[PDB]
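Below is one structure, written out as structure tokens; comments come after it.
Because only heavy atoms are used, hydrogens play no part in the values below, and waters and symmetry mates are left out as well, while side chains stay in. As the structure lists them, so they are numbered: ligands from 1, and atoms in each ligand from 1. For reference, positions follow the sequence shown, starting with 1.
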Amino acid sequence: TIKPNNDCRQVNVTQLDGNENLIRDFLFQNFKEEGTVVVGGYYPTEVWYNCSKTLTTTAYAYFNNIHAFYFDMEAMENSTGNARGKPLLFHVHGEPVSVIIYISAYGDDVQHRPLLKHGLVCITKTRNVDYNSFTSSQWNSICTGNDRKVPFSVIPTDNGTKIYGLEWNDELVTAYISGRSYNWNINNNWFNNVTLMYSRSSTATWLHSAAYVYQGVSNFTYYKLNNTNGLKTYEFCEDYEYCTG
Ligand SMILES: *[C@@H]1O[C@H](CO[C@@H]2O[C@@H](C)[C@@H](O)[C@@H](O)[C@@H]2O)[C@@H](O[C@@H]2O[C@H](CO)[C@@H](O)[C@H](O)[C@H]2NC(C)=O)[C@H](O)[C@H]1NC(C)=O
Ligand SMILES: *[C@@H]1O[C@H](CO[C@@H]2O[C@@H](C)[C@@H](O)[C@@H](O)[C@@H]2O)[C@@H](O[C@@H]2O[C@H](CO)[C@@H](O)[C@H](O)[C@H]2NC(C)=O)[C@H](O)[C@H]1NC(C)=O
Ligand SMILES: *[C@@H]1O[C@H](CO)[C@@H](O[C@@H]2O[C@H](CO)[C@@H](O)[C@H](O)[C@H]2NC(C)=O)[C@H](O)[C@H]1NC(C)=O
Ligand SMILES: *[C@@H]1O[C@H](CO)[C@@H](O[C@@H]2O[C@H](CO)[C@@H](O)[C@H](O)[C@H]2NC(C)=O)[C@H](O)[C@H]1NC(C)=O
Ligand SMILES: *[C@@H]1O[C@H](CO)[C@@H](O[C@@H]2O[C@H](CO)[C@@H](O)[C@H](O)[C@H]2NC(C)=O)[C@H](O)[C@H]1NC(C)=O
Ligand SMILES: *[C@@H]1O[C@H](CO)[C@@H](O[C@@H]2O[C@H](CO)[C@@H](O)[C@H](O)[C@H]2NC(C)=O)[C@H](O)[C@H]1NC(C)=O
Ligand SMILES: *[C@@H]1O[C@H](CO)[C@@H](O)[C@H](O)[C@H]1NC(C)=O
């Protein structure tokens with residue numbers, strides 16, 4: 001789904017520390033009964049992407065023809081207290097409205113930013129966005145004018161064991177955070193592509209690091225879910241005709 005890029009490598013998302021049950025908990029969010037079911041949808045698979053650059057040059061990655069975007073972070077420092085975040089910005093394109101997700105770094109030392117709220121949603125009608133100004137300015141003057149600015153908290157006490165996600169169609173947007181999902185009714189023409197800024201130089205809101213993995217989902221995926229005596233297992237169906245027959 002990603003454009004070719006020498007900075008981006010493939011990684012098994014489950015084998016990273018704290019990610020043993022990352023995909024398991026997402027699949028069983030809605031299946032609460034006992035027994036078996038085969039579910040289809042825009043679910044994440046095993047192999048994700050880690051994009052990083054040792055030099056402090058601004059770098060971008062592009063995902064095309066995707067319906068969903070998921071990402072995962074490492075555990076924050078001092079997660080139970082004054083948690084210090086790591087930065088990540090991406091932009092879901094559409095007309096006449098597009099969406100920018102920005103997660104800033106550092107802690108309570110960022111001026112004017114509400115306490116323990118590292119996440120920002122900018123709903124904007126701007127056609128061309130200057131990401132350098134967005135990620136280099138003071139937090140109070142970032143997403144202003146006619147844009148809609150929504151601060152939100154990641155859950156630092158989750159320690160990066162839960163998946164973060166976004167799915168969209170032309171009538172509804174769904175956000176996945178912690179073990180919960182939020183719905184947003186909006187009529188829009190999404191372009192089905194995402195721009196991601198994974199590295200730049202340190203600023204008042206950005207810290208040079210590589211702490212995220214991400215995946216864009218474009219194809220319909222099938223999982224077989226089995227709940228036996230409270231033991232929850234899953235299997236990725238390569239073809240639907242095999243696991244169901
Ligand atoms: C992702 O992992 C696979 C397989 O990992 C194995 O199964 C996991 C559940 C866990 O137990 C791992 O420790 C296991 O190794 C990797 O594919 C393996 O690659 C090695 C080294 O080249 C090779 O000897 C094995 O035969 C491969 N196994 C299979 C089943 O093909 C794969 O490299 C990882 N993908 C990445 C890092 O992108
Ligand atoms: C780890 O963070 C704790 C907790 O920070 C406090 O709570 C946060 C949610 C936020 O509101 C911070 O501003 C708070 O300070 C730190 O412990 C606090 O340290 C301050 C230092 O001025 C002190 O006044 C508080 O009493 C402490 N609160 C406690 C102990 O409950 C702690 O220092 C951090 N550890 C690091 C950064 O290593
Ligand atoms: C996230 O990690 C933190 C820090 O490792 C965990 O906080 C600890 O929780 C245990 C209970 O298992 C307490 O006894 C410790 O005192 C806590 N450590 C602190 C406050 O420094 C936290 O439980 C983890 N959250 C999860 C796993 O959801
Ligand atoms: C995301 O997709 C949209 C829609 O396909 C792309 O917008 C088109 O881009 C081409 C090439 O620059 C232009 O010629 C078209 O006029 C655009 N169509 C529009 C705006 O409706 C957009 O470029 C894609 N973005 C990325 C980063 O791939
Ligand atoms: C993504 O991969 C990079 C390397 O490509 C990882 O960062 C490296 O971490 C090791 C161990 O701390 C260091 O020796 C390297 O210098 C780091 N490289 C860079 C460019 O920072 C990074 O941890 C990976 N991200 C994950 C797993 O989330
Ligand atoms: C769901 O998983 C459970 C546990 O792995 C499976 O139940 C086991 O099935 C095997 C062979 O069918 C039996 O030998 C075991 O005794 C069963 N375990 C228990 C605790 O009953 C079950 O078959 C799986 N479900 C499906 C539909 O494949
Ligand atoms: C996604 O599905 C399309 C269906 O046309 C197929 O051509 C493509 O190879 C699939 N991609 C992956 C990564 O499975």
Side-chain angles (χ1 to χ4, degrees), residues 2-16 18-19 21-29 38-52 61-86 103 106-107 115-119 152-165 167-169 176-177 179 181 190-194 196 198 210-226 231-234 236-237 240 243-244:
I2 196 179
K3 259 188 55 180
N5 197 330
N6 290 124
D7 289 56
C8 299
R9 288 82 178 185
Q10 295 178 144
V11 57
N12 285 320
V13 68
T14 296
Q15 298 179 177
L16 305 177
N19 294 160
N21 302 292
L22 184 88
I23 299 188
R24 198 271 306 271
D25 286 359
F26 185 70
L27 296 174
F28 282 89
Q29 178 177 332
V38 183
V39 295
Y42 298 108
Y43 303 116
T45 54
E46 176 63 30
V47 170
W48 294 27
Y49 280 105
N50 174 7
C51 306
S52 62
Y62 306 97
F63 299 81
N64 303 275
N65 298 291
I66 56 160
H67 297 271
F69 192 75
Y70 302 94
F71 63 96
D72 169 80
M73 71 158 75
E74 299 162 341
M76 290 186 174
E77 177 203 334
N78 206 0
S79 61
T80 48
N82 187 27
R84 322 210 81 243
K86 294 302 175 63
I103 301 177
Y106 312 112
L115 167 67
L116 285 177
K117 281 184 166 54
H118 306 265
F152 72 94
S153 169
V154 308
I155 312 302
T157 53
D158 271 334
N159 299 329
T161 66
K162 295 304 203 308
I163 193 174
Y164 301 85
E167 196 188 35
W168 56 88
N169 64 50
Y176 308 106
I177 177 166
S181 59
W190 300 106
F191 294 158
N192 280 8
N193 50 17
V194 168
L196 175 95
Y198 59 90
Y212 292 84
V213 290
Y214 17 78
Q215 191 188 52
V217 176
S218 66
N219 270 350
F220 229 65
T221 290
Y222 304 104
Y223 275 99
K224 194 213 204 76
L225 305 186
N226 179 13
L231 187 59
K232 301 185 173 181
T233 60
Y234 65 98
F236 172 79
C237 297
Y240 185 82
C243 51
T244 72

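Residues with a heavy atom under 4.0 Å from ligand 3: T80, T157, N159.
The aromatic ring centroids of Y223 and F236 lie less than 6.0 Å from each other. Checked against a 6.0 Å centroid threshold, the rings of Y70 and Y164 do not count as neighbours.
The aromatic rings of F220 and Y222 sit perpendicular, their planes meeting at an angle over 60°, well past the 30° parallel limit. Ring orientation note: the planes of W168 and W190 are tilted relative to one another, at an angle of 30° to 60°.
With sequence neighbours left out, the side chain to side chain donor-acceptor pair (under 3.5 Å) criterion links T45 to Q215. Applying the side-chain contact (heavy atoms from CB on, under 4.5 Å) test to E77 and every residue at least two apart in sequence or in another chain returns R84.
Considering only heavy atoms from C-beta on, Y198 comes within 4.5 Å of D7 through its side chain. No side-chain heavy atom of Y214 sits less than 4.5 Å from a side-chain heavy atom of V194.
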For each nitrogen or oxygen atom of ligand 1, which protein N/O atoms lie closer than 3.5 Å, and how far apart are they, rounded to 0.1 Å?
unit_1, atom_1, unit_2, atom_2, d
ligand 1, 2 (O), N12, ND2, 2.3
ligand 1, 35 (N), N12, ND2, 3.0

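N226 contributes atom CG, which lies 4.0 Å from atom OG1 of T233 (distance to the nearest 0.5 angstrom). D72 contributes atom CG, which lies 8.5 Å from atom CD of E74 (distance to the nearest 0.5 angstrom).
Short contacts between ligand 7 and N219, defined as distances under 4.0 Å to a heavy atom of the residue, involve ligand atoms 1 (C), 2 (O), 3 (C), 8 (C), 10 (C), 11 (N), 12 (C), 14 (O).
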